[PDB]
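Listed next as C-alpha cells is one chain, alone, in the form deposited in one PDB entry.
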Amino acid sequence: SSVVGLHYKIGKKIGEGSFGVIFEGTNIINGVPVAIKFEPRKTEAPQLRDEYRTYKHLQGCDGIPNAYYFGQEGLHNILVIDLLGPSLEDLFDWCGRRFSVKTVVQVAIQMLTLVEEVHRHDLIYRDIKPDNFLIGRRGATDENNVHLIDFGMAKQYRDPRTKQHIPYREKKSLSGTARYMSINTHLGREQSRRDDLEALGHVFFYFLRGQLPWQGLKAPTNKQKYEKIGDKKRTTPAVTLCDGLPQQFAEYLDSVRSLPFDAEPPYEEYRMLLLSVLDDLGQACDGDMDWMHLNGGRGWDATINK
C-alpha cells in the first residue's frame, strides 16, 4: 500500500540513521511533509516505540519535531515525525569541513539549549554527534534553526517525580560514536548530563578545526581503537585543542569535564561564555550561518551538494 498510518503517503527514501530505513512522505489530509522511519517488527531490542514516546515526552519543545503516528502495518513498525532539512554534518561537508567561529557560537548555543531541554525532561541523550542535529526546511520559519532527532540512545537519568539521580556505576559497554563521546564513556562509566555536554564540546572543536586529533587512529580491533581515542582525549589538553581559537571553547570543555556526576550543569553560564566570543571578535548574534552563503547565496541544493 502506498499509504501508511492511514494518512501518510510514502515518498522518496532517505535511508539515514542506522541506514535505519527512513523515507520522506506527505500527510494526505493536509499536505504536511513528514519523515517516516520503519523498524523490523520483531526484535530483541526494539527502540522505535520508546522513541515515539520520547518525542511525545518532549512535545512542544522547540527544535524537537512532532511525532504524529506510531503503528503497525504488517512487516515493520512505523514512526512518523516532522520532515526536517540536512544535518550539521551535511552542511559541514558542503562548507568545506570548517565552520566559522561565528557559525559555531550560534549553533553551539542552540545545541546547548536543545540538550538542556532534553535534560529538563529527565533524559540524557547519549548519542551526541553532528549527524543528528538538523536544520529546517527551506522557506520555513525554522529553516536555519538547529533541531534534534533520533532518541534511540536516550535514557532516563533521574526519576521524574522525585528528581533523584541514577546511581553512579561502571563497567558499561562502550557504544556511541567514539569521535565525540565523553572521556567517562570511554572508561565505561555511567553517563549523565555532563557527558552530553562534553560531547558537545568535542563537536564544537570538530567544527572549528575541521578535525579532531583522535581521528584517523588505527588498531587491530574496535575495542583497542576506542581505547586509543580515549587515551588521546586525556593527553590532549583543552588548551591545545583550541590553539588559534577563542579560549572560551577550551574553558567550556574543561569545565564540563570537571562537572560532578549528578551535578546540574550551568547551561546559561555556558551559553554566556560562548556568546562572549562574539563580543571579543566584534560580531553580532544575528543568525547568519555559513551554509546560507552556499551556491551564490542560495544555500545547500540537492543537485550540487550531496
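Only residues modelled in both forms are compared. Don't overthink the numbering: it's just position in the shown sequence, from 1. Think of the rigid core as the biggest set of C-alphas that the two forms share within 1.5 Å after superposition.
**Student:** Tell me which of 32 to 40 and 249 to 257 has the higher mean C-alpha B-factor in the deposited entry.
**Tutor:** Mean CA B-factor is higher for 32 to 40.
**Student:** Using the B-factors recorded in the PDB entry, average over the C-alpha atoms of 66 to 74 and of 260 to 268, then report which stretch comes out higher.
**Tutor:** According to the entry, 66 to 74 carries the higher average C-alpha B-factor.
**Student:** Could you say which of 26, 47, 54, 276 has its CA atom at the highest B factor, as listed in the PDB entry?
**Tutor:** Answer, based on the entry's C-alpha B-factors: 47.
**Student:** From 97, 102, 161, 126, pick the one with the largest CA B-factor in the entry?
**Tutor:** In this record, 161 carries the highest C-alpha B-factor of the candidates.
**Student:** Taking the chain's C-alpha temperature factors as the reference, tell me which third residue 16 falls into: lowest, middle or highest.
**Tutor:** Highest third - that is where residue 16 ends up once the chain's C-alpha B-factors are sorted.
**Student:** Within this chain, which third does the Cα B-factor at residue 22 fall in: lowest, middle or highest?
**Tutor:** Highest third of the chain for residue 22's C-alpha B-factor.
**Student:** Lowest, middle or highest third: where is residue 213 by Cα B-factor in its chain?
**Tutor:** Middle third, going by the recorded CA B-factors of the chain.
**Student:** By the recorded C-alpha temperature factor, relative to the other modelled residues in its chain, which third is residue 188 in?
**Tutor:** Its C-alpha B-factor belongs to the middle third of this chain's values.
**Student:** Ranking the modelled residues of this chain by C-alpha B-factor as given in the entry, is residue 170 in the lowest, middle or highest third?
**Tutor:** For residue 170, the deposited C-alpha B-factor lands in the highest third.
Form deposited in another entry: not shown, discussed below.
**Student:** With both forms fit on the core, is the shift of the CA atom of residue 295 between this form and the one not shown 2 Å or larger?
**Tutor:** No, the C-alpha position differs by under 2 Å between this form and the one not shown.
**Student:** Quick one: core overlaid, is residue 45 moving 2 Å or more at the Cα between this form and the one not shown?
**Tutor:** Yes, its C-alpha moves 2 Å or more.
**Student:** Honestly, after the rigid core fit, is residue 283 moving at least 2 Å at Cα between this form and the one not shown?
**Tutor:** Stays below the 2 Å threshold, so no.
**Student:** Work out whether the Cα atoms of residue 20 and residue 131 come closer together or move farther apart in that other deposited form than they are in this form, the change being 3 angstroms or more.
**Tutor:** Compared with the shown chain, residue 20-residue 131 is farther in that other deposited form.
**Student:** Shorter or longer C-alpha distance for residue 131 and residue 16 in that other deposited form, given it differs from this form by 3 Å or more?
**Tutor:** Compared with this form, residue 131 and residue 16 lie farther apart in that other deposited form.
**Student:** Go ahead and list the segments of at least 3 residues in a row whose C-alphas all shift 2 Å or more between this form and the one not shown, with the rigid core as the reference fit.
**Tutor:** Runs found: 16 to 20, 43 to 45, listed by sequence.
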